[PDB]
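Below is one structure, written out as structure tokens, with a few remarks after it.
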Amino acid sequence: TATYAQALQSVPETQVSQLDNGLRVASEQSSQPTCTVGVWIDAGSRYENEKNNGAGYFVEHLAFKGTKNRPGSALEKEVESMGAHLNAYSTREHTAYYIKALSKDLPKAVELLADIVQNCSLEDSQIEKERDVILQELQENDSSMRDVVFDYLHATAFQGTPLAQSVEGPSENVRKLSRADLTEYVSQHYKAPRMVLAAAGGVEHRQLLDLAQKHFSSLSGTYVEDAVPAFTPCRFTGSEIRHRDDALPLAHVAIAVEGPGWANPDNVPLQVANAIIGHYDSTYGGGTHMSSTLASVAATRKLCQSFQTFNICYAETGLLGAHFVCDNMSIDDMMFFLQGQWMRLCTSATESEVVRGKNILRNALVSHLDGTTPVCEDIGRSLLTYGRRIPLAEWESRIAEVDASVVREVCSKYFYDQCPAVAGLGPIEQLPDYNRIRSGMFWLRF
Amino acid sequence: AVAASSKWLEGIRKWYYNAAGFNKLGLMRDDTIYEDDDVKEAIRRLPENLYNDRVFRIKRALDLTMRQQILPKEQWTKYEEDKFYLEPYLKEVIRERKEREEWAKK
Amino acid sequence: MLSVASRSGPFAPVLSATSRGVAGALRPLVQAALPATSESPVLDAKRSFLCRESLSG
Amino acid sequence: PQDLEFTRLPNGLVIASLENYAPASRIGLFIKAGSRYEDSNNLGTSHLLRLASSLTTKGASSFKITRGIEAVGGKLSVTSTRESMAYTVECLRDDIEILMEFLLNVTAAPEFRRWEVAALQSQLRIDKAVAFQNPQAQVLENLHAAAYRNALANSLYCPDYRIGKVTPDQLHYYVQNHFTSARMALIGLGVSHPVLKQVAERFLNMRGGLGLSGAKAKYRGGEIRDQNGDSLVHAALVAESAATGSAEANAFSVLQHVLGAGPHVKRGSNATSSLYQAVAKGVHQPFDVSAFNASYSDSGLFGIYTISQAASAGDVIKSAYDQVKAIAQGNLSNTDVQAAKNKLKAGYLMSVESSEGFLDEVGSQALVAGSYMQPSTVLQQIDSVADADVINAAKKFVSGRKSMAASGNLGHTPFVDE
Amino acid sequence: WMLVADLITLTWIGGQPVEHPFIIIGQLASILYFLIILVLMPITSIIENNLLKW
Amino acid sequence: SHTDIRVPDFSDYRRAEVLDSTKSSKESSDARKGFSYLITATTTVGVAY
Amino acid sequence: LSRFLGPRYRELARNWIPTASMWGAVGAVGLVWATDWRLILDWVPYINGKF
């Protein structure tokens, strides 16, 4: 028999090394026949100005379509012949490319990843064919209402700054991104100190290091062009966006206050907090009995289809709030009950609510580390945010300290008389006025 | 809990039944209960043959009191034939309220 | 012997208690978004959009 | 270590535990039940059973099941198919003994009360309309109805005339005849072996036998057409192939990966798909084609699956049928079989990485065969498939009686005799 | 009707001189007005519930 | 497309040092939510009529 | 009864009480400026009440 305490002393540690190019190399080994391997880069849309906001998403399209040594679809044939997968993603802060494979084609897989990020062609005949694929998936993106309403919340909460713009860019930039402006993006944001070579599954750290020395040595670990840009921070604003369209069947509303950044230690009590509000969907099984109060109310009166809370962190700032979907005659009661729950945690927060919210938070982070692909992305981006991978023992000793007085104190700091940012997508005539919204941020009794 | 003079508490339970006069309007004891929020949930959970039997017994008694009339002494509800049709359904509604209340004290 | 989900394309549907009900083993006919314009289904009974990607811990 | 322990009890119950040293646990209960085992009078009883997991049972009310599980951060979930059902609970390691006594109340002593079943009948209409916003969901229910006369043609979702009419007496009868001891498998992933044994001796008291079985599935070669207002045509064309657990079943699995059965590169051209390259010669419009393969205990369906524009649905199905004809008359290279054995072996090992993919696979093997085989045994059987078996599987498709199902604007879709 | 026949007794006493008999009746009936509403009524409603088997 | 909209210019209406677009509104927070407000604090003295 | 007492309402009474007192001392000192209570205008001598 074991314990939850003992089993946290048995997760194998992340061995970090570093080449003379500055490239960090991290790993974890737990005896499996399959292994994930990728590169995590500190680039994104928050490192772009208004000339090339589309440029980071355009480069991710051309990454699997031809290299200097494997041209065209010869890269496709080689990944397919050994049973391997080849994924990617892109946000405002990060950019990844990775591979699932068997843990004996790791020498071939690492050579594939090193060739991708160094020697892409970006040829003129492929980017003109790639412009049409992006312009049409922008039109498919307008039909996803959750993607459009969360893009409204970033354009209104961070209005004057680079954290307002979106990953895909405006369609006028998608139409005009050159070949010259794509290679000058690679030189400035795909440098060796910004990349992290991570791996999980059955892998040796020592074998991964020599494979990194053999393949990643031609990178320049230098300050050419003398462009070390001063990271300037981004401020929050209370304001509103309302898009009225009565022909849509349901309405989407998202609201948030400013939150803490990545390294801030306030994030752990602010996730015990948002786990006390929670989430709901109309396909859930046990509504009207749920522990959450906003979820037990919205099931009994049929007020919404779904709601969710979020905590979106960055380097220096954050977003902290909620999103819900309802019909046109229910917006005003959903805003009344949600805002009265934020204020009941600034005061009045119980020691029983915090214990359940701490149990929910531990269960959420070990369930997210199941399989070699989510462990490999918790390795690759913890080394770009915290500078180290926080183990699962350091996470649990920070959850053990939080109590109701810390929760009451930290919620009053971020919520009690702040201006929120609000976004809405029609039919939204019953979305209340911003004066009546801002006045919902204070109590009446205490 | 008597066992020798239980002859005595049975005469007083019969006497109060006939001193009360809901049987003379042809009603059963569970018809005359005051509906608070627990009783309004127990009525909603009845099988439909029992619900329809109760709506007619009440309507016939509101009509008998509009004219100051009583049923003849052959249609009076007897003492040992009053079916407590609502008491099993109501003991479960109360027990589910006292469980959501002991859970809010935790 | 092996499963439906290994070498076969039938369905599984799932119902939760605290998460959003789903239903598929083959369903996603991928490689149909590089040929353009297959649009996400408009909902009148809202369903998961990220299928609980929030609360990652 | 301790790769799996495996016990078969005297009442045919299969227990199988693996002791990892992970902080989280997972427990499954896998039953032989599913749409297959319902006749023409109680259609949709299995969809209602799937939705009724957090109702009142004999040992915990509907308040204590929802509150007791959310208190420790746990989950409760049900997954079913045409041939099985699976109940799965999960929490952290020290919390696992309380979410295990709830699971044995949901599935072994439920109480179907009238007003709760009656309030639940509106959830059938919500769940069916959520699932049917994908066009693949109803084209595949139609296709099983066009391919069988009974016992595998029943849908996973309740029919529309029948919503509001599933009674508490029908739910009591499905569980009393199909949730029995010799059709079940209890699989644990962070638990020890002798405690899962002492859990399972708390439903021995009855339902210790075999239960109402399912009538054998008779092949009907039919065709169901469904005109509506969707933008694209979804079409499927199959034939009868092979049951699971046979020598011919592995060859249809290899033939599936020769033809092309899904993607490997994000935004790729599927360069090692012989189906996709044959269609895309003459078709220049947006499409998608795949190889379909389903496998059950006594039959299976193999064929193709297209998605296309409505004026091109005849060119796409005809091109994707000549290519299967080219294989059955001998045109089969040797490296194409070897590149397809890799995708079938690699995809089997990536499917067993997670704690849910592993527990899935152990539950299917305990119901179908009654044993556990290591993934080294499975990898050898794939490499024993010869080139004379990939050809004798495309011959059984080309000369077999077909079935079809379609949806969309069907003005240019061929008929199954044309 | 013991409560109605006690507000009649308090109306006859209320227009008498403050003498010997009109004060032992004035205070034994100002007590009984409060003993009926506050104490004797809620206890007799409980004996009625117990004889109807609730 | 939805990615073609920006919130327009609000520089003619902000507070004087919240034209600062390159800070994080920290040193400029809970320090400018009240100039039309302590108006209402000495109105408490004035509504006493 | 047993509807009313427990570890819930009296810890809702814990942050009540300051509210009660400043709902009570509001009623105490607020009554004296409306109805000309001359027996409490003496206690703070700084406020010239009537000329």
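Values below: every heavy atom of this structure, side chains too, minus hydrogens, waters and symmetry copies. Letters go in sequence order (proteins before strands), and every chain restarts at 1.
- Below 4.5 Å, heavy atoms of chain A meet heavy atoms from C/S48, C/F49, C/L50, C/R52, C/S54, C/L55, C/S56, C/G57, all part of residues 48-57 of chain C.
- The structure places CG of C/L34 at 9.5 Å from NE2 of A/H61, a figure rounded to the nearest 0.5 Å.
- Between chain C and the residues A/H279, A/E137, A/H368, the largest count of heavy-atom pairs under 4.5 Å involves A/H368.
- Proximity to chain A among residues 20-27 of chain C is limited to C/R20, C/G21, judged by heavy-atom separations below 4.5 angstrom.
- Taking 4.5 Å as the limit, some side-chain heavy atom of A/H252 sits within range of a side-chain heavy atom of C/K46.
- Counting only distance, with no hydrogens or angles, the side chain of C/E39 and the backbone of A/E140 share no donor-acceptor pair below 3.5 Å.
- How far OG1 of C/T18 is from CD1 of A/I360: 9.0 Å, rounded to the nearest 0.5 Å.
- Counting heavy-atom pairs closer than 4.5 Å to chain A, the top-ranked of the candidates C/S19, C/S38, C/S16, C/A33 is C/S19.
- Interface summary for chain C: among A/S367, A/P249, A/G286, A/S306, the most heavy-atom pairs under 4.5 angstrom belong to A/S306.
- With no hydrogens or angles considered, no side-chain donor-acceptor pair links A/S144 and C/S40 at under 3.5 Å.
- Atom CE of C/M1 has 12 or fewer heavy atoms from other residues, nucleotides or ligands within 6.0 Å.
- Contact of C/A17 with chain A is made through the backbone alone, with heavy-atom distances under 4.5 Å.
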